[PDB]
Amino acid sequence: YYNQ
Amino acid sequence: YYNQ
Amino acid sequence: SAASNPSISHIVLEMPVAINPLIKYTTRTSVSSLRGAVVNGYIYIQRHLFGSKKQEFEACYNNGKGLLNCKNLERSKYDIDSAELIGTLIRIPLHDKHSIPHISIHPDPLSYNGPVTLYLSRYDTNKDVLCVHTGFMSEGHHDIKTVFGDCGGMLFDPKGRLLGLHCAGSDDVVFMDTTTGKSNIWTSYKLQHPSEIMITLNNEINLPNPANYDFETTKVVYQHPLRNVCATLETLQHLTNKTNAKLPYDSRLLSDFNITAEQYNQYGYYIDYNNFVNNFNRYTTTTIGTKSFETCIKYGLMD
Amino acid sequence: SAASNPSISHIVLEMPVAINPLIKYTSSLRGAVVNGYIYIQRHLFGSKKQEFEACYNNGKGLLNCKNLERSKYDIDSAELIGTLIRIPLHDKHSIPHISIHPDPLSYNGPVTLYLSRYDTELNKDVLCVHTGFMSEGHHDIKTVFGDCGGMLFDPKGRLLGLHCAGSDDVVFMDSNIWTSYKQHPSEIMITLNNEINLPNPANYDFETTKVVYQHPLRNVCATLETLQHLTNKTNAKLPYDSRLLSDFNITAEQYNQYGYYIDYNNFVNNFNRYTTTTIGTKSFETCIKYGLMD
């Protein structure tokens, strides 16, 4: 779970 | 042994 | 060799690099950047450009004022004053709706399962150029390597229909059947299996709590490795039942692969699932021809 | 997953479908319109010397080709150059020009294949791209009868050459460790200067009966990293094994350069396991092409  |  | 290369045919799109412009937001404390996606008269900017929490985002974005502080977002190209925050996306009209050529849109992107391309603008060390990458997608989850900043990359199906924009990922996933709350044959998976995640222009994203996914962070839960149903059935039939004698549906196909009885009978690839379970480790760590198991359940046996 | 996908970045080429027109001789293949000239592989008119020369008829045969209109091409100025028929365009820039790789058969790495096709869904002819890997004019992108003329590019968009031949399988020899390999199809390229990585290139298209490889498609550095990972996890300094040359055509200079040390006896003694078992989820053949992707 991480934004790019 | 073939051309295409 | 060609025996193991899916060699998928993707339709060549005539798109300018300006369809995927790099947007940069720089403050005293941070630099953030992603690509905008110019689709049919509008540029789409994922809102987390301005922050990854509600308070931080709303402050920096400032009802659209923040757009004036972004590089490569000139008023000459975009009508900033008419910017609209729609869900997790910032939509801004082009001043000239014709400046970027329009593209085909997939009518139901999260339902798509199969080969895809990823388009990303890049600077080549002597110009900014459009770059393409090939991969596979299963309901908004793909297998094309990305790095921070690649958000906004545009994902297409092989006919050149826009599926959506790259927006997130993870180093690993947890495997289980969330429908039933049961573990399955993939739960014990020992290798890291990263996720690559898409969001549609209508804010559809295959994650729990899609409305504010970009402000929150949870573990990513998969039921199984990325797979195509027909390809998975073909692969399992080949491993477990070479003469394809009609064998009854094993219900573990649902929990282990999310393949239904209807799908099983429909495709006519019959499986000895007990054989698969009893040789699970060998079948998933040894190749079919030179193809990996994970490749095979995506693309088929390529025979 | 992304862990096993090379995810190669290819510069997008904007080319019209007319760069790769289907030519039909009543046999069919694609021409490649490169920088003012169309290139047509001669075997369009036959795959043996006698058949070709009769049908081509010193250029008369071109009059019997579909999709080769005199309006577009200056037929009378056709030139048979080696195994290629080259004809000038009337308007040399009617098709946009492309970058040319300065030494195509020396290239080793990711490639794209461009092919014109008719799409039944969209009801039109479109240019299609495919990704793969090439080692000195031999690639791994699936082709079918008629796909000759497909245009191969390196990742920066420089033309490498034209797809022209293949085989369902190959014979492995320098015999070596690959001779006993239990099917490995071939896909073969020819350059616009008639360079082709086969024995007897002058008449490869009328006289070749078998394709002989030394090893599976591979990148030298990728192969060394892979073999080091399998046989020497601590990468202790080990001497060059001459079997690297006979089994992989990797030289001593290359071995010393990359600093991936190999215990080749361990590889030989576990050959079957190592070549049939995945590294991560990657196949051995994937690894020696693209590396370990860690």
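Residues numbered from 1 in each chain as written, not as in the entry; some residues may be left out. Chains lettered and ligands numbered in written order. Heavy atoms only, no water. Residues with missing side-chain atoms left out of burial classes, pairs and counts.

As deposited, the entry is annotated with X-ray crystallography as its determination method and 2.299 Å as its resolution.

### Considering the interface of chain D and chain C
Quick reminder of the rule: The criterion used for residue contact is that any of the two residues' heavy atoms lie within 4.5 Å. Secondary structure elements follow DSSP: runs of H or I of four or more residues count as helices, runs of E of two or more count as strands, with numbering from the N terminus. In this count, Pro and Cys sit with the nonpolar residues alongside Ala, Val, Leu, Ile, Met, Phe, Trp and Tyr, while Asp, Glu, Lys and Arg are called charged and the others, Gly among them, polar. Only when DSSP finds a minimum of two bridges between them are two strands counted as paired.
Counting residues at the interface gives 43 residues for chain D, matched by 42 residues for chain C. Only β1 (10-11), β10 (108-119), β11 (124-135), α7 (271-276) and α8 (284-290) of chain D provide two or more residues apiece to the side of chain D that touches chain C. In terms of residue count, β11 of chain D provides more of the side of chain D that touches chain C than any other element does, 7 residues in total. Residues of the side of chain D that touches chain C, tallied by class, amount to 15 nonpolar, 18 polar and 10 charged. The pairing of strand β1 (residues 10-11) of chain C with β11 of chain D spans 2 bridges and is antiparallel. Residue pairing across strands places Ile11 of chain C opposite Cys128 of chain D, the latter belonging to β11 of chain D.

### A short note on the packing of aromatic side chains
Residues and elements named next belong to chain C. The condition is simple: Two aromatic rings, drawn from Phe, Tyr or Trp (for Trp, its six-membered ring), form a pair once their centres lie within 6.5 Å of each other, and the interplanar angle then sorts them: stacked below 30 degrees, edge-to-face above 60, tilted otherwise. In this scheme, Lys NZ or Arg CZ marks a charge over a ring once it lies within 6 Å of the ring centre and within 35 degrees of the ring normal.
Judged by centre distance (6.5 Å) and plane angle (75°), the ring pair of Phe175 and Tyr222 falls under edge-to-face. Taken together, the residues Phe175 in strand β15 (residues 174-175) and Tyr222 in strand β17 (residues 221-222) connect sequence positions 47 residues apart. Aromatic ring contacts, followed pair by pair, group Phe175, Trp186, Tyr189, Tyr222, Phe257, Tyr273, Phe276, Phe280, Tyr283 and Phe293 into a single cluster. In this structure, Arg47 is placed above the aromatic ring of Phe57, and the distance from its NZ or CZ to the ring centre is 5.7 Å. We note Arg47 situated over the ring of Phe215; from NZ or CZ to the ring centre the distance is 3.9 Å.

### Some points on the interface of chain B and chain D
In this assembly, 4 residues from chain B lie in contact with 22 residues from chain D. Of the residues contributing to the side of chain B that touches chain D, the split by class is 2 nonpolar, 2 polar and no charged. Where strand β1 (residues 2-3) of chain B lies against strand β14 (residues 158-167) of chain D, 2 bridges are found, and the strand directions are antiparallel. Each bridged residue has a counterpart across the sheet, and for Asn3 of chain B the counterpart in β14 of chain D is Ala165 of chain D.

### Topic: the sheet that holds strand β6 (residues 65-66) of chain D
By way of backbone hydrogen bonds, the strands of a sheet pair with one another, either parallel or antiparallel. Residue and element names in this part refer to chain D. The sheet built from 3 strands is open, its strands ordered β3-β2-β6 with antiparallel pairing. Only two strands of the sheet have a single partner each, and these edge strands are β3 (28-30) and β6. Here strand β2 (residues 22-25) pairs with β6 via 2 bridges, running antiparallel. If you follow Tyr25 over to β6, its bridge partner there is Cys65.

### Thoughts on the pattern of salt bridges
Basically, it comes down to this: The salt bridge criterion pairs a side-chain nitrogen of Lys or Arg with a carboxyl oxygen of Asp or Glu, the two atoms within 4 Å.
With its nearest N and O atoms 3.4 Å apart, the salt bridge here joins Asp119 of chain D to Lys159 of chain C. Of this pair, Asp119 of chain D sits in strand β10 while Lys159 of chain C sits in the loop between β13 (154-156) and β14 (161-170), on two different chains. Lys289 of chain D is the salt-bridge partner of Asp140 of chain D, the closest N and O atoms lying 2.7 Å from each other.

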